[PDB]
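Chain identifiers are assigned alphabetically (A, B, ...) following the order of the sequence lines, protein sequences preceding nucleic acid strands; residue numbering begins at 1 within each chain. Counting convention: from 1, in listed order, for ligands and their atoms alike.
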Amino acid sequence: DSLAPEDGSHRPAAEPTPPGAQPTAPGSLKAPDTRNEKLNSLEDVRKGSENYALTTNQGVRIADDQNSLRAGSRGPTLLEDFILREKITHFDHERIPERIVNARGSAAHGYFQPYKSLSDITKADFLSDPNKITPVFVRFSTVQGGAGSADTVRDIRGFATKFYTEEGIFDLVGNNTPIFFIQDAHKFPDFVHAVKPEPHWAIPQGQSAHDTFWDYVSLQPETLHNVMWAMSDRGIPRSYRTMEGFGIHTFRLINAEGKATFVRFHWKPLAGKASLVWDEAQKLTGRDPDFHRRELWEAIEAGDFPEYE
Amino acid sequence: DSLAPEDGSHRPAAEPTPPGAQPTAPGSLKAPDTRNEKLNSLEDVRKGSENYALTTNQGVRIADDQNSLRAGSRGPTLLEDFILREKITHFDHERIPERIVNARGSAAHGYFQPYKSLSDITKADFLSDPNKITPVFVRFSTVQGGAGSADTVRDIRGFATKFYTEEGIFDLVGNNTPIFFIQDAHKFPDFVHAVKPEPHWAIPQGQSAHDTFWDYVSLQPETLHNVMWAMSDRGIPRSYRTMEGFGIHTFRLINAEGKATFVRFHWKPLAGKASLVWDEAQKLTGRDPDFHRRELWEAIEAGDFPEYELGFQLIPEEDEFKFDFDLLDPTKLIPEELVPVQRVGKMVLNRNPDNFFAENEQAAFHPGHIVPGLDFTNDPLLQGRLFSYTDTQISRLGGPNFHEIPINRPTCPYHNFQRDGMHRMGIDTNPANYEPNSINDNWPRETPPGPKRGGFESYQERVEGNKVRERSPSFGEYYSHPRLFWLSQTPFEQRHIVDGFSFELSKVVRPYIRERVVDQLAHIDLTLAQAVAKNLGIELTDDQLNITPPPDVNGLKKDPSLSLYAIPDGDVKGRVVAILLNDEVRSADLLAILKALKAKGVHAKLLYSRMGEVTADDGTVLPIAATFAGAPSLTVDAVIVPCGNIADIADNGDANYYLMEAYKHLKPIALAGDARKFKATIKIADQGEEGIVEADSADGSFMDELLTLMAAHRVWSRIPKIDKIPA
Amino acid sequence: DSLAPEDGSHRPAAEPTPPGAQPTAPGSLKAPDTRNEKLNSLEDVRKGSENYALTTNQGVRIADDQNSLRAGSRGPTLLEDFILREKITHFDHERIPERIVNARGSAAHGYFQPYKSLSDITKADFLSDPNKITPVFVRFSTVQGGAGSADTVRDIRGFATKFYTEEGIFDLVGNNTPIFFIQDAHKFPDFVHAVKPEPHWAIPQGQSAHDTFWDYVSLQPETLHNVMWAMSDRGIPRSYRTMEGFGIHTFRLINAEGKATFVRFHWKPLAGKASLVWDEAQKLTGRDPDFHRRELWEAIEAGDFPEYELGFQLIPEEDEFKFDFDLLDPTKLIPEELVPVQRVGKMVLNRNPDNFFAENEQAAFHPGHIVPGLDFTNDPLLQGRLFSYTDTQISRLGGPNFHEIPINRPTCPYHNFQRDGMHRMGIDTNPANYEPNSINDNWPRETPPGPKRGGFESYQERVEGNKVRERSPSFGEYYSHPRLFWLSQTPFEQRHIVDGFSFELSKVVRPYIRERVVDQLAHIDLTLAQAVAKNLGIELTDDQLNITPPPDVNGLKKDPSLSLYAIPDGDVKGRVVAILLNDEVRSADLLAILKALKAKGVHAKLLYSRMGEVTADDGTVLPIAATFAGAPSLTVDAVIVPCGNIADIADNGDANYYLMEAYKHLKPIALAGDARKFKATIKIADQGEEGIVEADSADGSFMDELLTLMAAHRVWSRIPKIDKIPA
Amino acid sequence: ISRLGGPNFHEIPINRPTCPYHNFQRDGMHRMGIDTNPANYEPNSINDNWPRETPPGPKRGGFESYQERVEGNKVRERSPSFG
Ligand code: HEM
Ligand code: HEM
Ligand code: HEM
């Protein structure tokens with residue numbers, strides 16, 4: 001029954017369109033011609049739907065997906081209804097633990113390519129040739145809030161990039177500020193517990209504006225540098241497209257002759273640096289808690305691809 | 001080290017204190033003298049901290065919890081740092097899957113007691129004696145959003161009560177609306193998938209205002225009744241304390257004689273029914289996403305215990321078919337004009353948890369957790385629920401021993417032949433792990449059914465029919481209940497319903513879905529449909545204007561119990577008032593204002609343009625609770641501006657906007673002396689207007705008038721005046 | 001009900017009883033007054049059963065535990081049967097992943113006590129006073145097989161002791177051989193994958209006798225030393241009570257002054273060293289795959305408590321490089337002739353668990369669980385183990401709160417800022433979940449290292465070198481320890497080793513692997529290599545014959561402490577004798593037999609061709625424990641055949657085979673009066689043979705002779721004679 | 001669900017059907033299939049209600065239980081015929 005409108009306005013055009021012009025859609029249907037080696041490699045698990053019969057997970061066609069099996073139309077549901085139980089069982093087990101930190105995040109596919117060979121300072125294959133493209137998958141995130149918390153909170157933002165290189169996956173897992181709050185990993189649980197919702201009542205969500213965070217900061221002056229960044233407008237970016245990204249740590253580059261060079265990684269937003277103002281950001285967590293997620297998705301559907309150097 | 005301040009101001013007093021007066025704290029520390037059988041039984045797992053050495057989980061004292069073990073102080077961290085690794089490992093594994101629905105929830109401990117024995121209609125032990133107290137653990141929730149989502153969203157609210165009875169755990173797992181969206185549990189995943197964040201991008205959170213929800217609603221008319229409730233102000237409650245609770249399904253009560261009585265469960269809020277207005281609720285999700293969680297916790301810390309009256313709609317077996325609707329259809333309510341709610345008992349929530357994760361996050365409620373004296377019915381939604389909770393809890397709580405997690409444990413005896421499973425805590429000494437057995441003389445043994453302390457036996461309901469996947473024809477009526485609900489609302493409630501539909505449908509990107517929903521509304525009521533259509537720039541067809549309205553429900557053209565506000569039931573205790581200070585406040589106004597509020601248990605928050613203190617006209621030092629922007633009018637029920645140096649705040653944008661916002665959201669505003677200068681901000685006539693208290697000072701009838709407005713909750717007569725107003 | 005027998009013979013007496021006298025039972029019911037701190041602290045989770053009603057896990061009494069709820073007594077089962085679903089759900093989820101290695105294990109509770117204060121060499125609280133009793137939980141295991149595999153396989157044995165000290169849990173996780181197969185933990189998965197069942201078909205179980213194991217060994221000569229122990233009779237212990245225990249790695253003892261002393265841990269069996277013989281062991285995996293688990297349980301129930309002496313090999317820090325092997329290489333042992341074992345204390349295992357799954361299956365041991373007074377070393381095998389146990393337990397035991405599982409709980413205080421995790425039991429009331437904090441005055445607080453009750457601080461070992469993935473050159477010597485072990489064995493122990501290699505390599509399908517293994521043996525000892533090669537139809541090459549043997553170990557050409565039997569250490573208490581009865585047994589023989597056995601604490605099993613009883617010549621009624629086939633000689637240590645009507649059993653094939661099997665397996669046999677007729681089945685000369693007790697009757701001298709043989713364990717001089725016995 | 005770690009055990013290679021399988025079930029631990037359907041529910045108009053239900057029939061039809069006659073009370077009772 002319940003069918004699409006006659007005019008076909010239920011389906012978004014598969015061409016770049018401005019935000020709001022068409023209903024948003026899964027990437028492979030919105031931009032079928034946009035590919036990369038990783039995107040193509042996911043074809044083994046992509047599942048369509050149009051023109052296929054509704055089935056159980058074992059491939060049995062379902063005749064009536066509106067009712068449970070019962071003894072009489074007003075009777076008790078029977079245990080032998082295996083269609084209902086598979087359906088409900090799968091629903092019941094949909095959730096998986098959210099990330100301990102950075103549970104709230106938005107991601108997209110893309111590609112990277114070096115401007116020139118960096119073989120003099122590093123033997124890394126993905127930086128060896130300007131015409132050698134590396135598929136990426138990037139996730140941007142907040143840190144404190146759960147997966148269902150709001151986007152435009154005052155918080156640090158995570159900027160994680162997975163490079164599918166020819167010599168292995170390289171993940172550049174960074175943030176939008178060039179330093180971290182603490183010095184030794186042993187204190188991570190202390191810091192994260194202080195900034196997260198307080199343990200007796202689990203308040204507040206997506207906010208450092210509570211006693212335990214400031215208590216810890218006040219007793220651990222090493223945190224002050226990243227606190228300054230958080231309290232500035234860096235803490236409330238206008239978009240994931242308009243913030244800087246940093247690996248934070250000094251890592252090493254190793255060339256073919258064995259020479260080590262210390263390196264700190266940066267991402268420069270080619271859309272420029274831009275942040276909200278607090279009143280706006282806070283109110284926006286209420287009016288559209290999915291603002292950044294939406295903005296990233298719509299920029300990509302519009303052809304305004306987020307670009308970073 | 002010894003980091004606490006020497007005045008001991010880091011620790012909150014272990015006595016009831018109003019919201020904001022002291023730091024909040026774990027329940028057992030805040031109210032150590034508030035006890036109950038369950039709270040006492042959790043003592044075995046409560047862990048203190050003061051004066052104990054910091055250790056690993058194996059009990060090894062830690063000397064340096066600031067650093068990793070490394071080779072050299074600037075060297076690499078060593079794999080032998082077992083202290084670092086245990087600490088990071090426990091951290092790494094802190095999260096568990098959130099609930100599939102109702103992930104966002106706030107809970108508290110309490111107790112229940114029946115007014116009188118209900119032995120004539122049920123043998124349920126917890127309802128058998130007025131002097132029998134049953135500890136309870138209640139969790140209130142939203143439905144769609146994750147555990148980190150906002151509280152004051154527009155959504156149904158969950159109201160689950162775990163009764164720790166002497167004959168077993170009884171969980172009454174209800175909602176704040178008396179019907180559900182769908183009829184059969186097999187469509188639960190469809191409905192839930194439609195309302196949750198859409199699968200390509202996981203938007204939107206905590207909202208039904210998106211295409212898939214309204215697509216599903218438009219194709220499944222059975223959902224219209226509960227959708228009406230969600231679009232009304234019922235979907236945005238002021239607090240968990242001011243909403244009704246319902247079991248929804250028709251269950252059975254079974255007495256000692258074996259007689260079955262049909263029953264629908266109700267919870268009546270003793271603080272009355274009260275809801276927010278959409279703009280306020282929405283903005284409040286931004287200014288304070290934890291508003292309801294906070295409000296509940298602080299009410300209990302203040303001694304404003306949430307109290308609810310359990311009530312039963314009772315229907316004799318012989319009257320099963322006497323209504324226009326099917327008793328087993330969960331999309332149909334039972335009008336209180338037809339079947340009154342008989343008062344059964346009182347539930348008082350009087351202690352917050354100690355640890356949210358341990359007690360709240362791990363709590364597991366199940367509508368299938370019934371006790372002798374209660375039974376199920378063939379409601380097809382209920383039927384499927386019985387399977388679901390059992391199943392979901394095995395992955396959410398990591399195994400089949402979730403009943404051993406402290407909060408879920410029965411306070412009564414539990415013995416059986418079940419063994420092992422992940423995280424098994426109970427060490428069984430029974431030689432036998434099967435029955436029948438002779439090696440332990442068959443213990444533990446079965447117990448026959450009986451009047452008291454007997455085994456569970458299902459009511460012998462006659463079953464007759466063929467095995468079919470078929471909806472009962474009696475369930476195929478979708479518009480009369482929605483219409484009954486609509487007609488029972490006040491005119492301003494109706495407007496809010498129209499506004500809820502209009503706002504939500506405006507967020508539906510595909511216009512034909514909007515049109516399809518408008519068409520369904522035209523089968524309910526032409527006035528409703530027309531008003532929503534107008535707001536969406538849609539014109540009803542001549543055929544839509546001629547759709548004959550659905551019949552009344554058993555001759556009823558309205559039932560005032562369905563309205564939040566038709567019948568006044570306002571209770572001011574626990575409410576809060578913002579007091580906008582100035583640098584030379586009239587101390588006499590403050591005295592009168594604060595004592596009058598305190599006399600009725602209404603809280604106050606002293607606000608200013610900065611933190612710290614202000615000095616009143618007589619030298620009184622006034623501690624500021626928050627700034628005007630820090631604690632917006634959204635969080636209070638009324639606003640009072642005392643006399644003093646008004647020029648201090650007269651040109652303060654925040655102070656003026658505070659009143660505009662509170663004015664727009666129909667809250668009482670009271671202005672004393674020169675604070676009347678603020679009348680021009682909100683466009684109040686010289687003569688004054690209903691809903692604005694004003695006088696030369698806050699002395700005689702000023703506070704009584706303000707409290708009368710607070711008793712009525714909001715100034716509905718101001719609706720037309722807020723139409724303009726840029727706020 | 002009342003299914004138990006009216007005589008009360010279903011319930012075992014709660015007093016020490018010999019093996020087979022009573023049905024075995026949960027520890028707390030068998031020995032209710034055997035107590036220790038740990039056992040008493042588990043009382044909060046022990047659950048009874050007698051006189052309780054059968055309930056759901058929610059405490060709801062069950063009336064009918066025999067039937068599902070159905071529509072009609074021949075109708076479909078209904079989804080609303082919550083009793084059935086909870087019961088089946090728990091059953092469906094009883095299993096948890098078995099241990100990755102050492103899945104097969106048997107455990108018991110006990111206690112440890114030092115012989116004197118060791119405060120001069122360690123500040124470990126549990127070694128500080130002879131009057132300090134430390135509860136322990138010990139799990140003995142095989143390595144390769146699953147939890148359902150057999151006990152008497154040829155394998156290394158694990159010997160894990162959990163010490164519940166006042167300053168934290170200390171787990172000493174050792175084996176029954178003093179070295180490990182590999183040097184670096186990075187190759188652990190490689191070695192374990194090679195020994196475990198092969199990946200295509202998952203064969204073979206509990207056996208190293210397959211291609212991949214010997215492929216790896218042949219390509220990794222570091223393995224040869226432990227391989228030599230595994231191939232000796234050390235790989236087939238008689239019982240967990242009769243094997244040595246070793247921590248293997250060099251660890252550190254840290255005293256109050258901060259001085260570090262290198263230490264290797266040892267467990268000396270006070271019942272002495274004793275192993276089976278290969279045929280007996282292999283046959284015993286088929287006749288009783290639970291032989292060692294049973295033997296341990298029954299020894300404890302009988303009061304034959306497994307007792308071990310904790311021993312330390314102590315090496316001054318300055319002596320680190322004084323040996324010709326690296327102290328940090330786990331494939332090297334420290335000869336007791338060079339560094340003697342200091343006797344430090346004794347551990348007694350005196351109580352069985354209540355529930356195997358709850359206490360044994362869920363126990364979690366970790367070598368990284370150390371306490372102040374102990375420290376690690378750079379042993380590269382130990383280093384990698386530090387990471388592994390933490391990690392495997394988060395999936396095996398379902399979360400990071402496995403220390404809250406009753407058996408794993410420390411008995412001393414544990415307080416920290418760690419929170420949540422699946423199945424969180426402890427409800428933390430600390431206002432703070434981080435440090436530093438002022439809101440709880442920084443509690444729980446760090447504690448500086450000190451002489452007693454101080455926090456953990458690592459010994460400040462100097463680390464100097466580049467970040468390298470490199471084996472120390474000092475570890476590159478693979479044949480001198482194997483040679484030292486080989487030369488320390490008696491001639492028959494050497495013969496059993498040859499036979500072990502010969503049997504195992506015969507099951508290696510690819511002939512080149514056997515050849516490569518023989519080549520490695522030629523680098524150890526020419527006689528060893530030749531004997532194995534001859535059994536494999538392999539001829540050593542010219543070059544193989546000329547391989548110069550490895551050098552002695554610091555001048556040692558042997559060390560008798562490496563042999564099981566070179567130095568007498570036999571103990572007969574707890575051993576068992578099979579007594580083969582006939583229908584008219586000479587009652588005077590039984591009386592003398594049983595009296596002598598009972599004086600030495602030796603148990604007896606009365607065997608016949610059927611169950612029930614036989615009557616002695618004087619009317620004494622003798623109850624039969626089992627049949628000749630039902631309880632084969634494999635399960636006993638010696639066989640005694642008393643006088644009487646031998647014609648009853650002289651033609652009994654099973655009776656004759658009983659003796660031929662015991663004879664083949666070098667067990668002492670005693671024949672009284674006409675039982676000497678049986679001499680013909682095992683071809684014993686008329687004038688007798690050492691190892692066969694024979695006399696006109698079974699008086700006192702006969703019993704002394706048999707008990708003397710039993711103290712020497714087996715009749716090793718019979719080896720050459722068993723060739724010609726068809727058994 | 002516990003032995004094989006979640007509700008997607010049908011995506012474990014040996015368990016996978018060789019015939020087509022399409023439905024509105026989503027997520028769960030170790031989800032392999034990446035659904036492109038705009039809808040994760042039915043009835044839906046946004047994907048023209050696909051994948052769709054199929055009436056029972058002689059071949060390639062939807063599953064419909066045999067309409068066996070059920071009559072009796074809700075009892076926990078063994079049939080006397082089994083005794
Ligand atoms: C420079 C400091 C750090 C940065 C820039 C950083 C960055 C991030 C980012 C961007 C994510 C989210 C990845 C995603 O989108 O899935 C993340 C997750 C995480 N971080 Fe780090 N982090 C830092 C420090 C730490 C430390 C010190 C620890 C622990 C010692 C830690 C533990 C974690 C964990 C456990 C997760 C969750 C990963 C998952 O569930 O897949 N982070 N971090
Ligand atoms: C009358 C209709 C229903 C009502 C009143 C209702 C009420 C609730 C409430 C209040 C909760 C959260 C309890 C808590 O606070 O932990 C909940 C959770 C849940 N509901 Fe229901 N629900 C209804 C329909 C259904 C249906 C039809 C199903 C599936 C067949 C279902 C499956 C679930 C599941 C799986 C959970 C999560 C439970 C857990 O993780 O412990 N619900 N429901
Ligand atoms: C000196 C060498 C070793 C000895 C003496 C040893 C001893 C043991 C013992 C006795 C057990 C079983 C404990 C019980 O009864 O539950 C065990 C289990 C285990 N071993 Fe070790 N092992 C050694 C090497 C290693 C190495 C090198 C690794 C990995 C790097 C390792 C990883 C494991 C794991 C993962 C378990 C399972 C623990 C559990 O599931 O709780 N072992 N080992």
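- A 4.5 Å side-chain heavy-atom check between A:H186 and B:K87 finds at least one atom pair inside the cut-off.
- Minimum heavy-atom separation, A:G158 to A:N175: CA-OD1, 3.6 Å.
- Between B:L382 and B:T377 there is a side-chain heavy-atom pair separated by less than 4.5 Å.
- Using a 4.0 Å cut-off to heavy atoms of C:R396, the atoms of ligand 3 that qualify are 39 (C), 40 (O), 41 (O).
- Near B:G384, with a cut-off below 4.0 Å to any heavy atom, the atoms of ligand 2 are 30 (C).
- Checked options C:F159, C:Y240, C:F140; the residue passing with C:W267 is C:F159 (criterion: ring-ring contact (aromatic ring centres under 6.0 Å, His included)).
- Those atoms of ligand 3 with a heavy atom of C:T392 less than 4.0 angstrom away are 35 (C), 37 (C), 38 (C), 39 (C), 40 (O).
- With a 4.0 Å cut-off on non-hydrogen atoms, C:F387 does not touch ligand 3 at all.
- A donor and an acceptor atom, one from each side chain of C:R104 and C:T142, are nowhere located under 3.5 Å apart.
- Using a 4.5 Å heavy-atom cutoff, the side chains of A:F91 and D:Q25 are not in contact.
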Which pairs of nitrogen or oxygen atoms, taken one from ligand 1 and one from the protein, are under 3.5 angstrom apart?
residue: ligand 1; atom: 15 (O); partner: A:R139; partner atom: NH1; Å: 2.8
residue: ligand 1; atom: 16 (O); partner: A:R99; partner atom: NE; Å: 2.7

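- For ligand 3, the atoms lying closer than 4.0 Å to a non-hydrogen atom of C:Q393 are 39 (C), 41 (O).
- Backbone and side-chain nitrogen or oxygen atoms of C:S388 are examined, and none is located within less than 3.5 angstrom of a nitrogen or oxygen of ligand 3.
- The closest side-chain heavy-atom distance from B:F265 to B:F246 is not below 4.5 Å.
- One finds a salt bridge joining C:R99 and C:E361 here, because a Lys/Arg side-chain nitrogen approaches an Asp/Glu carboxylate oxygen to under 4.0 Å.
- Smallest separation of non-hydrogen atoms from C:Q183 and C:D329: NE2-OD2, 3.2 Å.
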